[PDB]
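Chemist: My questions will all concern the structure given below.
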Amino acid sequence: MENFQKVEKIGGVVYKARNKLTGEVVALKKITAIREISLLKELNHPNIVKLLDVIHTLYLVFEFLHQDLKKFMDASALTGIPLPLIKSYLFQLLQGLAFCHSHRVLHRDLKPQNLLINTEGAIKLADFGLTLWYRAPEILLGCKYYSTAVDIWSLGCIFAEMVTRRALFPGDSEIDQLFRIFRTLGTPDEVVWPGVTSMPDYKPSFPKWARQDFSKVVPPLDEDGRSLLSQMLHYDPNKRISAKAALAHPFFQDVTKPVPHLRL
Ligand SMILES: CC(=O)Nc1nccc(-c2c(C)nc3ccccn23)n1
C-alpha cells in the first residue's frame with residue numbers, strides 16, 4: 001500500500017488512487033475468500049469493471065471509471081435519458097450478466113450506485129462476486145439457494161427507473177419492500193408462482209392486492225419495452241427471462257451505441 005497515493009474518497013471503503021510509480025489512476029477497495037477473489041481476476045469482459053490486482057498483505061485494485069449511473073440519472077432528471085441511450089445501456093448490462101451467469105457467478109446486489117459509465121458510451125458491472133429497492137422477492141421470502149434470476153429482477157427495476165425517472169419499488173424495510181412489489185404486480189399465489197406458499201417467510205395472512213396494468217407503471221415506454229420488462233419481473237424465478245434470451249427480444253432490433261453528455 002506504500003505504492004499508492006489516495007486521491008479522494010469515491011464511495012469496505014473505495015478510493016480513487018494513483019500507482020505512485022506506474023502512471024495509473026485506479027479505484028482501490030480496502031476490505032476460501034482468497035481463493036474466491038482469485039477466480040474473479042480471471043473473469044474478464046468489456047461490461048465488467050476490471051480487477052487489476054489482489055493485494056493480500058486484503059485490498060482490491062480495480063480499473064477507474066469517472067461516473068456512476070445513479071449520479072447520471074440525477075443530472076438527467078429534468079429531461080430524462082434519451083430512449084436510445086437507455087436501450088444501449090440495458091443491452092450492454094444484459095451482455096455482462098449473460099457472461100457472469102454462464103460461469104455460475106451471481107452479482108446479488110445490483111443497483112445504480114455500482115453501475116459505472118464512461119465518455120465512450122460504455123457501461124460496466126462492479127462489486128461482482130464480492131438499500132432494498134432492487135431486491136428480488138425470492139430473497140425477501142427466505143429462499144436461501146436463489147439463482148441468477150435475482151440479477152435479472154434487479155436490472156428490470158433499474159430499466160424502469162431510467163424510463164420514468166422514479167424508483168419503481170422504494171421500500172425502507174423488508175416488509176415494506178415486499179408490500180410495494182405486491183401492490184403493483186398483485187399478491188402472488190400458487191397460480192402465478194408454484195411453491196410460493198411454502199417459502200420460509202411466506203405468511204397466509206399477507207393482504208391480497210390485485211395486479212395493475214403495466215401501461216400505468218411505465219407509461220412512456222413503448223409496447224416492446226413493456227413486454228420485455230414484464231418478463232424480467234415475473235414472480236417465479238424459473239419463468240423469469242434469462243439474460244441470453246432477453247438479448248434476442250424485439251425491443252433490441254433497432255439498438256445503437258449513443259455517446260452520453262457527461263459533465264465531469
Ligand atoms: C466514480 C466511481 O465510482 N468509479 C469507480 N471505478 C471503479 C470501481 C468503482 C467501485 C468498486 C470496485 N466498488 C464500488 C462500490 C461503490 C461505488 C463504486 N465502486 N468505482
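Every chain in the C-alpha cells has a letter given in the order shown (A, B, ...), and although residue numbers restart at 1 in each chain, ligands are simply numbered from 1 in the order shown.
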Give me the residues near residue 31 (chain A) as a list in words, where near means some atom within 7 Å (using only C-alpha atoms) and where sequence neighbours in that chain fewer than 3 positions away do not count.

Modeler: residues 12, 58 and 59 of chain A

Chemist: Would you mind exporting the chosen residues as a PDB file, in the first residue's frame, restricted to C-alpha atoms?

Modeler:
ATOM      1  CA  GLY A  12     -15.435  -1.557   2.794  1.00  0.00           C
ATOM      2  CA  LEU A  58      -6.642  -7.514   1.713  1.00  0.00           C
ATOM      3  CA  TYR A  59      -7.004  -4.662  -0.839  1.00  0.00           C
TER       4      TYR A  59
END

Chemist: Mind checking which residues fall within 8 Å of region 247-252 of chain A, counting only C-alpha atoms, ignoring those fewer than 6 positions away in the same chain, and posting them as a VMD selection string?

Modeler: chain A and resid 87 91 94 to 95 224 to 225 228

Chemist: How would the residues just chosen look if you wrote them out with N, CA, C and O atoms as a PDB file, in the first residue's frame?

Modeler:
ATOM      1  N   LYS A  87     -31.755   2.215 -23.999  1.00  0.00           N
ATOM      2  CA  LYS A  87     -31.759   0.930 -24.683  1.00  0.00           C
ATOM      3  C   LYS A  87     -30.328   0.396 -24.831  1.00  0.00           C
ATOM      4  O   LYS A  87     -30.084  -0.787 -24.669  1.00  0.00           O
ATOM      5  N   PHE A  91     -28.985  -3.279 -23.001  1.00  0.00           N
ATOM      6  CA  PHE A  91     -28.370  -4.251 -23.907  1.00  0.00           C
ATOM      7  C   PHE A  91     -26.977  -4.665 -23.433  1.00  0.00           C
ATOM      8  O   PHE A  91     -26.679  -5.847 -23.360  1.00  0.00           O
ATOM      9  N   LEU A  94     -27.073  -6.586 -19.955  1.00  0.00           N
ATOM     10  CA  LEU A  94     -27.534  -7.928 -20.266  1.00  0.00           C
ATOM     11  C   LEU A  94     -26.429  -8.808 -20.827  1.00  0.00           C
ATOM     12  O   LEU A  94     -26.402 -10.014 -20.546  1.00  0.00           O
ATOM     13  N   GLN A  95     -25.511  -8.204 -21.592  1.00  0.00           N
ATOM     14  CA  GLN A  95     -24.308  -8.902 -22.078  1.00  0.00           C
ATOM     15  C   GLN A  95     -23.394  -9.286 -20.903  1.00  0.00           C
ATOM     16  O   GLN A  95     -22.900 -10.395 -20.847  1.00  0.00           O
ATOM     17  N   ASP A 224     -42.957  -2.887 -27.084  1.00  0.00           N
ATOM     18  CA  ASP A 224     -41.860  -3.860 -27.000  1.00  0.00           C
ATOM     19  C   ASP A 224     -41.123  -3.770 -25.652  1.00  0.00           C
ATOM     20  O   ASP A 224     -40.780  -4.785 -25.037  1.00  0.00           O
ATOM     21  N   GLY A 225     -40.865  -2.547 -25.202  1.00  0.00           N
ATOM     22  CA  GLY A 225     -40.182  -2.320 -23.944  1.00  0.00           C
ATOM     23  C   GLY A 225     -40.982  -2.764 -22.732  1.00  0.00           C
ATOM     24  O   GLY A 225     -40.410  -3.307 -21.811  1.00  0.00           O
ATOM     25  N   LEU A 228     -40.874  -6.752 -22.713  1.00  0.00           N
ATOM     26  CA  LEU A 228     -39.626  -7.229 -22.092  1.00  0.00           C
ATOM     27  C   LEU A 228     -39.582  -6.981 -20.550  1.00  0.00           C
ATOM     28  O   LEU A 228     -39.174  -7.861 -19.802  1.00  0.00           O
TER      29      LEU A 228
END

Chemist: So which residues are near ligand 1, meaning at most 8 Å away with only C-alpha atoms and all ligand atoms counted, given back as a list in words?

Modeler: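 With only C-alpha atoms and all ligand atoms and a cut-off of 8 Å, ligand 1 is contacted by residues 10, 11, 13, 14, 16, 26, 27, 28, 29, 49, 51, 60, 61, 62, 63, 64, 65, 66, 67, 68, 113, 114, 115, 116, 126 and 127 of chain A.
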
Chemist: Save out the residues we just selected, C-alpha atoms, as a short mmCIF file (atom, residue, chain, number, x, y, z; two decimals), in the first residue's frame.

Modeler:
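See part_21.cif below for the written result:
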data_model
loop_
_atom_site.label_atom_id
_atom_site.label_comp_id
_atom_site.auth_asym_id
_atom_site.auth_seq_id
_atom_site.Cartn_x
_atom_site.Cartn_y
_atom_site.Cartn_z
CA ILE A 10 -15.08 7.67 -4.10
CA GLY A 11 -17.93 5.98 -2.23
CA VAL A 13 -14.43 1.95 1.61
CA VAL A 14 -13.40 2.69 -2.04
CA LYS A 16 -9.52 6.87 -6.23
CA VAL A 26 -7.22 3.25 -10.20
CA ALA A 27 -10.09 2.53 -7.78
CA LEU A 28 -8.79 0.98 -4.56
CA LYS A 29 -11.04 -1.10 -2.27
CA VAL A 49 -15.01 -3.44 -14.26
CA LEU A 51 -9.99 -6.32 -11.32
CA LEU A 60 -8.57 -4.88 -4.32
CA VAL A 61 -7.24 -2.66 -7.15
CA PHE A 62 -9.81 -2.04 -9.92
CA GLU A 63 -9.90 -0.04 -13.15
CA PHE A 64 -11.22 3.52 -12.60
CA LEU A 65 -14.30 4.97 -14.32
CA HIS A 66 -15.39 8.57 -13.93
CA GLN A 67 -19.10 8.30 -13.15
CA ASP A 68 -21.81 6.12 -11.63
CA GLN A 113 -24.57 3.12 -7.48
CA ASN A 114 -22.42 0.19 -8.64
CA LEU A 115 -23.01 0.67 -12.38
CA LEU A 116 -20.15 2.65 -13.92
CA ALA A 126 -18.86 -3.61 -10.31
CA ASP A 127 -18.97 -5.46 -6.92
#

Chemist: Would you please give, as an mmCIF file with N, CA, C and O atoms, in the first residue's frame, all residues of region 59-210 of chain A that DSSP assigns to strand (DSSP E or B) based on the backbone?

Modeler:
data_model
loop_
_atom_site.group_PDB
_atom_site.id
_atom_site.type_symbol
_atom_site.label_atom_id
_atom_site.label_comp_id
_atom_site.auth_asym_id
_atom_site.auth_seq_id
_atom_site.Cartn_x
_atom_site.Cartn_y
_atom_site.Cartn_z
ATOM 1 N N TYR A 59 -6.566 -5.738 0.052
ATOM 2 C CA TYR A 59 -7.004 -4.662 -0.839
ATOM 3 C C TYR A 59 -7.212 -5.153 -2.261
ATOM 4 O O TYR A 59 -6.420 -5.983 -2.756
ATOM 5 N N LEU A 60 -8.235 -4.593 -2.920
ATOM 6 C CA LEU A 60 -8.570 -4.878 -4.324
ATOM 7 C C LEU A 60 -8.378 -3.626 -5.180
ATOM 8 O O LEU A 60 -8.941 -2.583 -4.881
ATOM 9 N N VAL A 61 -7.569 -3.747 -6.230
ATOM 10 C CA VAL A 61 -7.241 -2.660 -7.148
ATOM 11 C C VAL A 61 -7.984 -2.868 -8.468
ATOM 12 O O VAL A 61 -7.650 -3.775 -9.236
ATOM 13 N N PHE A 62 -8.977 -2.013 -8.717
ATOM 14 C CA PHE A 62 -9.810 -2.044 -9.919
ATOM 15 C C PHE A 62 -9.394 -0.925 -10.919
ATOM 16 O O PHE A 62 -8.666 0.019 -10.594
ATOM 17 N N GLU A 63 -9.866 -1.081 -12.146
ATOM 18 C CA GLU A 63 -9.902 -0.038 -13.155
ATOM 19 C C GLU A 63 -10.788 1.110 -12.668
ATOM 20 O O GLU A 63 -11.811 0.863 -12.035
ATOM 21 N N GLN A 67 -17.785 8.018 -13.735
ATOM 22 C CA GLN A 67 -19.101 8.298 -13.152
ATOM 23 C C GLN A 67 -20.006 7.088 -12.925
ATOM 24 O O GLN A 67 -19.933 6.112 -13.643
ATOM 25 N N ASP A 68 -20.855 7.173 -11.900
ATOM 26 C CA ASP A 68 -21.812 6.115 -11.634
ATOM 27 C C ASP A 68 -23.197 6.485 -12.198
ATOM 28 O O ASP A 68 -23.463 7.653 -12.464
ATOM 29 N N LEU A 115 -23.090 0.717 -10.920
ATOM 30 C CA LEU A 115 -23.013 0.671 -12.379
ATOM 31 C C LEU A 115 -22.220 1.888 -12.888
ATOM 32 O O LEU A 115 -22.602 3.040 -12.661
ATOM 33 N N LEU A 116 -21.100 1.621 -13.540
ATOM 34 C CA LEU A 116 -20.153 2.652 -13.920
ATOM 35 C C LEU A 116 -20.123 2.941 -15.426
ATOM 36 O O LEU A 116 -20.205 2.016 -16.244
ATOM 37 N N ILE A 117 -19.979 4.224 -15.781
ATOM 38 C CA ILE A 117 -20.059 4.681 -17.186
ATOM 39 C C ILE A 117 -18.849 5.515 -17.571
ATOM 40 O O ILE A 117 -18.193 6.113 -16.701
ATOM 41 N N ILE A 123 -20.978 0.955 -20.430
ATOM 42 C CA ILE A 123 -21.469 0.776 -19.059
ATOM 43 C C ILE A 123 -20.979 -0.550 -18.485
ATOM 44 O O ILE A 123 -21.006 -1.583 -19.172
ATOM 45 N N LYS A 124 -20.529 -0.531 -17.232
ATOM 46 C CA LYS A 124 -19.937 -1.736 -16.606
ATOM 47 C C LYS A 124 -20.494 -2.131 -15.206
ATOM 48 O O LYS A 124 -20.866 -1.270 -14.390
ATOM 49 N N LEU A 125 -20.501 -3.450 -14.942
ATOM 50 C CA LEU A 125 -20.805 -4.002 -13.622
ATOM 51 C C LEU A 125 -19.611 -3.989 -12.660
ATOM 52 O O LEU A 125 -18.515 -4.329 -13.055
#

Chemist: Can you tell me, as a ChimeraX atom specification, which residues in region 45-243 of chain A count as alpha helix (DSSP H) by DSSP?

Modeler: /A:69-75,83-102,137-140,149-164,174-185,214-217,223-232,243

Chemist: Keeping only C-alpha atoms, write those residues as a short mmCIF file (atom, residue, chain, number, x, y, z; two decimals), in the first residue's frame.

Modeler:
data_model
loop_
_atom_site.label_atom_id
_atom_site.label_comp_id
_atom_site.auth_asym_id
_atom_site.auth_seq_id
_atom_site.Cartn_x
_atom_site.Cartn_y
_atom_site.Cartn_z
CA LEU A 69 -25.33 5.66 -13.11
CA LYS A 70 -27.05 7.00 -10.01
CA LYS A 71 -25.35 10.40 -10.29
CA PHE A 72 -26.01 10.41 -14.10
CA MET A 73 -29.77 9.82 -13.58
CA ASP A 74 -29.94 12.76 -11.11
CA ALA A 75 -28.18 15.04 -13.65
CA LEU A 83 -34.58 6.35 -25.05
CA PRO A 84 -31.79 5.21 -27.44
CA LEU A 85 -29.27 5.78 -24.65
CA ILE A 86 -31.46 3.79 -22.16
CA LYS A 87 -31.76 0.93 -24.68
CA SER A 88 -27.96 0.83 -25.28
CA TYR A 89 -27.16 0.63 -21.52
CA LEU A 90 -29.70 -2.24 -20.91
CA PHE A 91 -28.37 -4.25 -23.91
CA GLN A 92 -24.76 -3.98 -22.59
CA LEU A 93 -25.63 -4.90 -18.97
CA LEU A 94 -27.53 -7.93 -20.27
CA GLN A 95 -24.31 -8.90 -22.08
CA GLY A 96 -22.35 -8.58 -18.78
CA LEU A 97 -24.79 -10.72 -16.84
CA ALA A 98 -25.06 -13.37 -19.58
CA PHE A 99 -21.26 -13.71 -19.28
CA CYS A 100 -21.27 -13.94 -15.44
CA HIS A 101 -24.17 -16.31 -15.38
CA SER A 102 -22.52 -18.77 -17.89
CA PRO A 137 -38.90 -11.29 -3.94
CA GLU A 138 -37.49 -14.87 -3.53
CA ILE A 139 -34.72 -13.30 -1.45
CA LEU A 140 -37.36 -11.41 0.60
CA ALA A 149 -32.62 -14.73 -11.84
CA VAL A 150 -32.12 -12.41 -8.82
CA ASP A 151 -29.94 -10.21 -11.11
CA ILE A 152 -32.44 -10.11 -13.95
CA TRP A 153 -35.05 -8.83 -11.39
CA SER A 154 -32.70 -6.08 -10.19
CA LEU A 155 -31.81 -4.95 -13.79
CA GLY A 156 -35.54 -4.61 -14.63
CA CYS A 157 -36.20 -2.29 -11.67
CA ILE A 158 -33.27 -0.21 -12.93
CA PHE A 159 -34.61 -0.25 -16.58
CA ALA A 160 -37.92 1.15 -15.27
CA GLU A 161 -36.32 3.87 -13.13
CA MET A 162 -34.33 5.17 -16.12
CA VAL A 163 -37.54 5.44 -18.25
CA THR A 164 -39.84 7.03 -15.60
CA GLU A 174 -38.14 -5.78 4.20
CA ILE A 175 -41.88 -5.95 4.63
CA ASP A 176 -42.40 -2.51 3.08
CA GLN A 177 -40.31 -3.62 0.10
CA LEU A 178 -42.41 -6.73 -0.27
CA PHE A 179 -45.79 -4.98 0.02
CA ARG A 180 -44.79 -2.38 -2.60
CA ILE A 181 -43.98 -5.25 -5.01
CA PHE A 182 -47.37 -6.82 -4.16
CA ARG A 183 -49.40 -3.59 -4.66
CA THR A 184 -48.06 -3.17 -8.23
CA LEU A 185 -47.88 -6.74 -9.64
CA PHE A 214 -48.13 -2.13 -16.99
CA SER A 215 -49.17 0.79 -19.20
CA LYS A 216 -49.78 2.58 -15.85
CA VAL A 217 -46.43 1.56 -14.22
CA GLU A 223 -45.06 -1.84 -26.29
CA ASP A 224 -41.86 -3.86 -27.00
CA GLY A 225 -40.18 -2.32 -23.94
CA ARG A 226 -43.18 -3.05 -21.66
CA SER A 227 -43.32 -6.67 -22.93
CA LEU A 228 -39.63 -7.23 -22.09
CA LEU A 229 -39.98 -5.53 -18.63
CA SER A 230 -42.86 -7.83 -17.60
CA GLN A 231 -40.75 -10.91 -18.46
CA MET A 232 -37.86 -9.52 -16.32
CA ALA A 243 -30.09 -12.61 -19.82
#

Chemist: With distances taken over only C-alpha atoms, which of A:19, A:205, A:256, A:197 is nearest to residue 141 (chain A)?

Modeler: A:197

Chemist: Smallest atom-to-atom distance to residue 167 (chain A): which of A:134, A:15, A:209, A:4, using only C-alpha atoms?

Modeler: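 Closest to residue 167 (chain A) of all the choices is A:134.
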
Chemist: Quick one, how far is CA of residue 105 (chain A) from CA of residue 36 (chain A)?

Modeler: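 A separation of 10.7 Å between them.
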
Chemist: From the set A:144, A:173, A:189, A:48, which residue has the shortest atom-to-atom contact distance to residue 211 (chain A), counting only C-alpha atoms?

Modeler: A:189

Chemist: Would you mind telling me which residue in A:186, A:218, A:239, A:169 lies nearest to residue 206 (chain A) when using only C-alpha atoms?

Modeler: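 Among the listed residues, the smallest separation from residue 206 (chain A) belongs to A:186.
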
Chemist: Using only C-alpha atoms, pick whichever of A:165, A:9, A:103, A:203 has the shortest atom-to-atom distance to residue 43 (chain A).

Modeler: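 Closest to residue 43 (chain A), using only C-alpha atoms: A:103.
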
Chemist: Between A:5, A:35, A:42, A:240, which one has atoms that come closest to residue 23 (chain A), using only C-alpha atoms?

Modeler: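 Among the listed residues, the smallest separation from residue 23 (chain A) belongs to A:5.
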
Chemist: One decimal, Å: what's the distance from CA of residue 131 (chain A) over to CA of residue 172 (chain A), could you say?

Modeler: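 Rounded to one decimal, the two atoms are 7.8 Å apart.
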